[PDB]
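One structure is given here, and the rest of the page talks about it.
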Amino acid sequence: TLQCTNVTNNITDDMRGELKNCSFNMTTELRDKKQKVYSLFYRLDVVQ
Amino acid sequence: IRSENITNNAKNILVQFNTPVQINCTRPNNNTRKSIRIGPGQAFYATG
Amino acid sequence: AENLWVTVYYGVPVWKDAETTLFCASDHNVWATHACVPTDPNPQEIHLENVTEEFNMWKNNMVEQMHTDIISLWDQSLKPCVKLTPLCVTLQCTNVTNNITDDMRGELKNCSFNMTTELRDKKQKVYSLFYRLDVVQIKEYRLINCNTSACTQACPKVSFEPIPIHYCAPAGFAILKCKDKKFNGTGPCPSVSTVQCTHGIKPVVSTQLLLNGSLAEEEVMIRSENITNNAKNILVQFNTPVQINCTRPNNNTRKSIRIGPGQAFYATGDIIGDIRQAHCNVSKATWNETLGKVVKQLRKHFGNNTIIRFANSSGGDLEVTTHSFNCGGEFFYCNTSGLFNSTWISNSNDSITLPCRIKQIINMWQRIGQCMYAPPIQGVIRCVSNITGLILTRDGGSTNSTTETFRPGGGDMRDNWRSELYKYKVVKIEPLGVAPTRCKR
Ligand SMILES: *[C@@H]1O[C@H](CO)[C@@H](O[C@@H]2O[C@H](CO)[C@@H](O[C@@H]3O[C@H](CO)[C@@H](O)[C@H](O[C@H]4O[C@H](CO)[C@@H](O)[C@H](O)[C@@H]4O[C@H]4O[C@H](CO)[C@@H](O)[C@H](O)[C@@H]4O)[C@@H]3O)[C@H](O)[C@H]2NC(C)=O)[C@H](O)[C@H]1NC(C)=O
Ligand SMILES: *[C@@H]1O[C@H](CO)[C@@H](O[C@@H]2O[C@H](CO)[C@@H](O)[C@H](O)[C@H]2NC(C)=O)[C@H](O)[C@H]1NC(C)=O
Ligand SMILES: *[C@@H]1O[C@H](CO)[C@@H](O[C@@H]2O[C@H](CO)[C@@H](O)[C@H](O)[C@H]2NC(C)=O)[C@H](O)[C@H]1NC(C)=O
Ligand SMILES: *[C@@H]1O[C@H](CO)[C@@H](O[C@@H]2O[C@H](CO)[C@@H](O)[C@H](O)[C@H]2NC(C)=O)[C@H](O)[C@H]1NC(C)=O
Ligand SMILES: *[C@@H]1O[C@H](CO)[C@@H](O[C@@H]2O[C@H](CO)[C@@H](O)[C@H](O)[C@H]2NC(C)=O)[C@H](O)[C@H]1NC(C)=O
Ligand SMILES: *[C@@H]1O[C@H](CO)[C@@H](O[C@@H]2O[C@H](CO)[C@@H](O)[C@H](O)[C@H]2NC(C)=O)[C@H](O)[C@H]1NC(C)=O
Ligand SMILES: *[C@@H]1O[C@H](CO)[C@@H](O[C@@H]2O[C@H](CO)[C@@H](O)[C@H](O)[C@H]2NC(C)=O)[C@H](O)[C@H]1NC(C)=O
Ligand SMILES: *[C@@H]1O[C@H](CO)[C@@H](O[C@@H]2O[C@H](CO)[C@@H](O)[C@H](O)[C@H]2NC(C)=O)[C@H](O)[C@H]1NC(C)=O
Ligand SMILES: *[C@@H]1O[C@H](CO)[C@@H](O[C@@H]2O[C@H](CO)[C@@H](O)[C@H](O)[C@H]2NC(C)=O)[C@H](O)[C@H]1NC(C)=O
Ligand SMILES: *[C@@H]1O[C@H](CO)[C@@H](O[C@@H]2O[C@H](CO)[C@@H](O)[C@H](O)[C@H]2NC(C)=O)[C@H](O)[C@H]1NC(C)=O
Ligand SMILES: *[C@@H]1O[C@H](CO)[C@@H](O[C@@H]2O[C@H](CO)[C@@H](O)[C@H](O)[C@H]2NC(C)=O)[C@H](O)[C@H]1NC(C)=O
Ligand SMILES: *[C@@H]1O[C@H](CO)[C@@H](O[C@@H]2O[C@H](CO)[C@@H](O)[C@H](O)[C@H]2NC(C)=O)[C@H](O)[C@H]1NC(C)=O
Ligand SMILES: *[C@@H]1O[C@H](CO)[C@@H](O[C@@H]2O[C@H](CO)[C@@H](O)[C@H](O)[C@H]2NC(C)=O)[C@H](O)[C@H]1NC(C)=O
Ligand SMILES: *[C@@H]1O[C@H](CO)[C@@H](O)[C@H](O)[C@H]1NC(C)=O
Ligand SMILES: *[C@@H]1O[C@H](CO)[C@@H](O)[C@H](O)[C@H]1NC(C)=O
Ligand SMILES: *[C@@H]1O[C@H](CO)[C@@H](O)[C@H](O)[C@H]1NC(C)=O
Ligand SMILES: *[C@@H]1O[C@H](CO)[C@@H](O)[C@H](O)[C@H]1NC(C)=O
Ligand SMILES: *[C@@H]1O[C@H](CO)[C@@H](O)[C@H](O)[C@H]1NC(C)=O
Ligand SMILES: *[C@@H]1O[C@H](CO)[C@@H](O)[C@H](O)[C@H]1NC(C)=O
Ligand SMILES: *[C@@H]1O[C@H](CO)[C@@H](O)[C@H](O)[C@H]1NC(C)=O
């Protein structure tokens, strides 16, 4: 599950909603640990 | 102009130019890549 | 006046230096002989009169192919084996201090951890004894390999003991063998034969000391690609072997932990009795007079009044700075500082004890990201081997000084394979020939 917000810092009118700032929990090298990370995804790559 | 059956509109027409047309394609964003260790020897490359 | 015409001869005895793929012959084990042709009970050697052949052990492609074959056999013997991905967890480790000697302090860690079971929704608290060399602190530890790659446990039924392997040329190729004793591997061999397969060569993996190999029949043989280049390894072959006795004396207990459906991880349970260091013994007098032989043969290359000194390995990985080898499933890394510690000036029953450290996480060939976990061996382990040679490296050697210093080397197993294939080469037969003769068709 991705928790996504809108990327709105220095975007043009034709880039609105095109990039998602998504934070998620991810596995680590140790099987018993999780890391909260984030990534920029494209609107075409994620579905609500 | 090359078509398997030019009178069949279900056949694709292949056009070959004698002179090329120059196309200049850019992604202008200065993208930052970060690397996330998701397992032993396993990296996922996120957009920072 | 001559009246000579072209004449074609088929079946001529002519050959060229060639590179081809040799095949395996032999009389559960890593060095899979279930894909090797049976060896002929009476192999045929054809002694070629008057044939003087060019040999070069340092460009022998047989060595490269054999290295590839050994690596591939190692890789495919590990494929149907447990991948220890679950083992990359947090370990809660304490010191093993019950009946340890002063030289085993901190060497063993008693590590408890949570592990998966055969049921996906259940965890088991288990513990294991790990070696100081295998764990790194994050009281909390992790296995050394967990930030590089997951490790494959060696299947406990597969044996690591080397089996002799014979290398045979295909149709249209011949293996030429140099029968010349005193041969130093490069140049013209005037005593040549043809063999369909090489002799049984055991894939003995070791560093700084060649074990269980072939001996020189006349005297100690020094072989270097360019003896005056100190960046080239010197291969020493003994005429008489040196007996080395290596033991891990701990009475190890192996327990089996079900980490998944049909998946077992073999942990070290508890050492029954006293905990004390693994080691190797070499006869002091035998080693001393063997080094005397090596020195007498090195003076032939480095001067007759020079000082010949033997010193420790310079540095690097634990694989290269120690005599690293495999003794009945366990992986030893022995400190050969009591062996190479002496100077030689031109003019009883005790033994040298080399302390050894055990490892379970193994990177055999000089590769990164592909590691093997050695399961613990039940009980005490002891082996006896022949040192039949050395891999040395000369130190510096500018014209400033008259002392030559040699240090144990190794790491690259191609030098181990080159010490057995030095007297072999592969050629391809060129049967067609054209000559002048008086006939006309
Ligand atoms: C140089 O050559 C010498 C001589 O050839 C080598 O020394 C010999 O090495 C072999 C192998 O290490 C050794 O054979 C072992 O002897 C033990 C004592 O008799 C045996 O216990 C052992 O058998 C066990 O292991 C085999 C696989 O290795 C299994 O097939 C076998 O079933 C046994 O396994 C059972 O028992 C163990 C322990 O409880 C358990 O883990 C298993 O699951 C299973 O229950 C071998 O037969 C010779 O004894 C050595 N000989 C001498 C004189 O030392 C030397 O190693 C070579 N050097 C190098 C560097 O290669
Ligand atoms: C995407 O979201 C993350 C998290 O909200 C942003 O990272 C934060 O950036 C601020 C400064 O801008 C820092 O003070 C925070 O500490 C950061 N948080 C983390 C978890 O790193 C990031 O800037 C956002 N990126 C975009 C393009 O919107
Ligand atoms: C990462 O995981 C944590 C915990 O697993 C999430 O935090 C929990 O969020 C739920 C709501 O869905 C709450 O009910 C819990 O109380 C939270 N627990 C903690 C410890 O905070 C967190 O939301 C996850 N983050 C992302 C980006 O998915
Ligand atoms: C090119 O494609 C057309 C369309 O499929 C072919 O002509 C049709 O053939 C069907 C066959 O039953 C007739 O019912 C149609 O009346 C035809 N239409 C026309 C416009 O001719 C035509 O035969 C194809 N050409 C070739 C060379 O195969
Ligand atoms: C595509 O064309 C546009 C103009 O229509 C280019 O935008 C110009 O880029 C140059 C970069 O050297 C700037 O100096 C101009 O100020 C830009 N003008 C405008 C109106 O944006 C764009 O760079 C071109 N892209 C490619 C890949 O050729
Ligand atoms: C390693 O640690 C384990 C756990 O601390 C030890 O196992 C315990 O041994 C005592 C007797 O010495 C028993 O009473 C406990 O029930 C055992 N605990 C478990 C979880 O089995 C083990 O003896 C230690 N081994 C070494 C070599 O230190
Ligand atoms: C095995 O897992 C259990 C539970 O997942 C661990 O016990 C927890 O330890 C944390 C500290 O890291 C405490 O905050 C929790 O309250 C503990 N929970 C319980 C139920 O005891 C335990 O430490 C793990 N064991 C090992 C060896 O890693
Ligand atoms: C260590 O070296 C000795 C001496 O070369 C080996 O003993 C010889 O074994 C061969 C078997 O191929 C016999 O034909 C010789 O007669 C033996 N010679 C002596 C003096 O015993 C011994 O087998 C070697 N040990 C190992 C483990 O390689
Ligand atoms: C053995 O290797 C050495 C490399 O050190 C070769 O000699 C050197 O060649 C370079 C080439 O420019 C010179 O700069 C060095 O001065 C040479 N070394 C010495 C000590 O003179 C040498 O030719 C090689 N031997 C053979 C037979 O190939
Ligand atoms: C290596 O040599 C040492 C001696 O320095 C051996 O230790 C002896 O082992 C025997 C076993 O039969 C005992 O009876 C002696 O009391 C031990 N003496 C000492 C001083 O430790 C050791 O066993 C040898 N190991 C091998 C593998 O040969
Ligand atoms: C290595 O072990 C062998 C035995 O496995 C030792 O050979 C013994 O040597 C003594 C001489 O001190 C003889 O009395 C015994 O009869 C030999 N035993 C056998 C079975 O041959 C050898 O001495 C050991 N070498 C070292 C350096 O420890
Ligand atoms: C070869 O011998 C030297 C000295 O005889 C060893 O150097 C020692 O290294 C350890 C490791 O940190 C130090 O604690 C000692 O203080 C060093 N001794 C001296 C006298 O400086 C060297 O380690 C040996 N070579 C190998 C490969 O072990
Ligand atoms: C290999 O053995 C030598 C000889 O014992 C080690 O050198 C000793 O190192 C200790 C430090 O732990 C010093 O206290 C001794 O004085 C050193 N002795 C000599 C003769 O130099 C050497 O450290 C060992 N190699 C490794 C890698 O541990
Ligand atoms: C993100 O932006 C798009 C377009 O500006 C908008 O339709 C969408 O509702 C926004 N989502 C948010 C603010 O969560
Ligand atoms: C992109 O950003 C990096 C880091 O700030 C900078 O060094 C680089 O010059 C930038 N590239 C462009 C084309 O602006
Ligand atoms: C384990 O023993 C070593 C050497 O005796 C010591 O340096 C280390 O601190 C010990 N660790 C413990 C008691 O956790
Ligand atoms: C793994 O960890 C060790 C020690 O913590 C470190 O030396 C090594 O560089 C690390 N490897 C990678 C790939 O990060
Ligand atoms: C020993 O090796 C050297 C390497 O240059 C070679 O020239 C010499 O011929 C070899 N020895 C004999 C007897 O051929
Ligand atoms: C090792 O321990 C087992 C079980 O305690 C015992 O039967 C065996 O004899 C021991 N072996 C040695 C060499 O002490
Ligand atoms: C090396 O030899 C010297 C004698 O000059 C001795 O004092 C020293 O202990 C030896 N080192 C080892 C590791 O045996």
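Just follow the structure's listing: the first ligand is 1, and inside any ligand the first atom is 1. Side-chain atoms are counted along with the backbone in the values below, which use heavy atoms only and exclude waters and symmetry mates. Sequence lines set the chain letters: A, B, ... in the order given, protein chains first and strands last, and positions in each chain run from 1.
In summary, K59(C) and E225(C) engage in a salt bridge, as defined by a charged side-chain N under 4.0 Å from a carboxylate O. With respect to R357(C) and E107(C), a salt bridge is recorded, a charged nitrogen being found less than 4.0 Å from a carboxylate O. Ion pairing between a basic and an acidic side chain is recognised when a charged N comes within 4.0 Å of a carboxylate O; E330(C) and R248(C) show such pairing. A salt bridge does not link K202(C) with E420(C): every distance from a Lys NZ or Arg NE/NH1/NH2 to an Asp or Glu carboxylate oxygen is 4.0 Å or more.
Residue contact check: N8(B) has heavy atoms under 4.0 Å from atoms 1 (C), 2 (O) of ligand 4. Contact atoms of ligand 10 toward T247(C): 27 (C) (distance under 4.0 Å to a heavy atom of the residue). Interface of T7(B) with ligand 4, defined as ligand atoms under 4.0 Å from a residue heavy atom, comprises 1 (C). Here is the list of ligand 12 atoms found below 4.0 Å of a heavy atom in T321(C): 27 (C). Against a heavy-atom cut-off of under 4.0 Å, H279(C) is close to the following atoms of ligand 10: 1 (C), 22 (C), 24 (C), 25 (N).
Protein heavy atoms are absent from the space less than 4.0 angstrom from atom 7 (O) of ligand 12. Inside a 4.0 Å radius of atom 4 (C) of ligand 12 there is not any protein heavy atom. Distances from atom 12 (O) of ligand 10 to the protein include no heavy-atom value under 4.0 Å. Within a 4.0 Å radius of atom 1 (C) of ligand 4, the protein has at least one heavy atom. Protein non-hydrogen atoms do not reach within 4.0 Å of atom 16 (O) of ligand 4.
When hydrogens are left out, the protein atom nearest atom 28 (O) of ligand 12 is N335(C) OD1, 3.9 Å; that is the closest non-hydrogen contact. The protein non-hydrogen atom at the shortest distance from atom 24 (C) of ligand 4 is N5(B) ND2, 2.5 Å. Atom 23 (O) of ligand 12 has its closest protein heavy atom at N312(C) ND2, 4.9 Å. Closest protein heavy atom to atom 27 (C) of ligand 12: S313(C) O, 3.6 Å.
By the criterion of a heavy-atom distance under 4.0 Å, the side chain of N281(C), and not its backbone, is placed next to ligand 10.
Closest heavy-atom contact between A264(C) and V82(C): O-CG2, 3.8 Å.
Side-chain rings of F310(C) and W287(C) stay apart, their centers remaining 6.0 Å or farther from each other. Checked against the 6.0 Å centroid threshold, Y131(C) and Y333(C) do not count as a close aromatic pair. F265(C) has its ring centre less than 6.0 Å from the ring centre of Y373(C).
The closest side-chain donor-acceptor pair between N312(C) and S337(C) falls under 3.5 angstrom. Inspection of the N99(C) and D274(C) side chains reveals no N or O donor paired with an N or O acceptor under 3.5 Å.
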